[PDB]
Amino acid sequence: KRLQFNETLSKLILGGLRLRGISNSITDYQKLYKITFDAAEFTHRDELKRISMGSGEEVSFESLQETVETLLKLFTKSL
Amino acid sequence: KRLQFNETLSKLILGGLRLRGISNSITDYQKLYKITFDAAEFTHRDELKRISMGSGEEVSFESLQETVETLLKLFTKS
Numbered sequence: 180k181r182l183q184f185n186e187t188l189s190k191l192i193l194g195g196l197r198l199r200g201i202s203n204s205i206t207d208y209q210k211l212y213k214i215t216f217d218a219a220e221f222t223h224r225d226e227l228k229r230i231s232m233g234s235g236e237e238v239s240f241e242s243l244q245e246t247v248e249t250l251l252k253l254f255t256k257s258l
Numbered sequence: 180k181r182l183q184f185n186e187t188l189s190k191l192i193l194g195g196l197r198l199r200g201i202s203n204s205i206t207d208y209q210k211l212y213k214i215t216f217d218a219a220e221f222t223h224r225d226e227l228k229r230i231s232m233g234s235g236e237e238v239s240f241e242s243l244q245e246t247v248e249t250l251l252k253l254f255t256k257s
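Residue numbers (the authors' numbering), protein chains in the order written: chain B, 180 to 258; chain A, 180 to 257.
Okay, structure coming up:
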């Protein structure tokens, strides 16, 4: 779990939420962000572990973009 | 929730993991179960809340199964 992954994931979720007109001043925005973030980490857990093990890897932006879109699509259908 | 949602959700996760050949012996099995359980509850949060408040609704098997499948597909990519 490198910092670059963290920052890229955070940006993708912020952008995904904003793109959906979901404002950070609503009651479940924080819960929505957190579970998306945690789920996205868990999705890429194996590579994050390898990165931590010095594989010198980098989670690709494109794959993370798919993960976030899948999760936000799932988590915001009722919204 | 709606206790029936919770009981069915458990069965669908256990069943989805079984179909995929993922045994409870593997190292991340319980976290995999738990995060899928919670993400599925979250997905249907709004209806589940109305249900607990007496709306008379019921999350359909189809919808819940699609939820579980979306999550397990995403979470078991390895």
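By construction, the Cβ of each residue, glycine as well, lies at the ideal position given by its N, Cα and C atoms.
Roughly how many whole angstroms lie between the Cα atoms of residue i and residue j?
i: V238 of chain B; j: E226 of chain B; result: 7 Å
i: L253 of chain A; j: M232 of chain B; result: 23 Å
i: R199 of chain B; j: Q244 of chain B; result: 15 Å
i: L188 of chain B; j: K180 of chain A; result: 30 Å
i: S242 of chain B; j: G235 of chain A; result: 40 Å
i: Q209 of chain B; j: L196 of chain B; result: 11 Å
i: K190 of chain B; j: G194 of chain A; result: 35 Å
i: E186 of chain B; j: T206 of chain B; result: 24 Å
i: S204 of chain B; j: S204 of chain A; result: 42 Å
i: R224 of chain A; j: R224 of chain B; result: 25 Å
i: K228 of chain B; j: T249 of chain A; result: 23 Å
For residue i, decide whether its Cβ has a neighbour in chain B, counting only Cβ atoms nearer than 8 Å.
i: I214 of chain A; result: yes
i: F254 of chain A; result: yes
i: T187 of chain A; result: no
i: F240 of chain A; result: no
i: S257 of chain A; result: yes
i: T206 of chain A; result: no
Tell me the DSSP secondary structure of residue i in three-state form.
i: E236 of chain B; result: coil
i: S189 of chain B; result: helix
i: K180 of chain A; result: coil
i: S204 of chain A; result: coil
i: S242 of chain B; result: helix
i: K256 of chain B; result: coil
i: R224 of chain B; result: helix
i: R199 of chain A; result: coil
Leaving out five residues before and five after residue i in sequence, what residues of the same chain have Cβ atoms less than 8 Å from its Cβ?
i: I192 of chain B; result: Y212, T215, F216, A219, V247, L251
i: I230 of chain B; result: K180, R181, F184, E236, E237, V238
i: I201 of chain B; result: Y208, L211, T255, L258
i: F240 of chain A; result: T187
For residue i, collect the residues of the same chain with a Cβ closer than 6 Å to its Cβ; drop the 5 residues on either side in sequence, then sort them by chain order.
i: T222 of chain A; result: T246
Taking 8 Å as the CB-CB cut-off, is residue i touching chain A?
i: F184 of chain B; result: no
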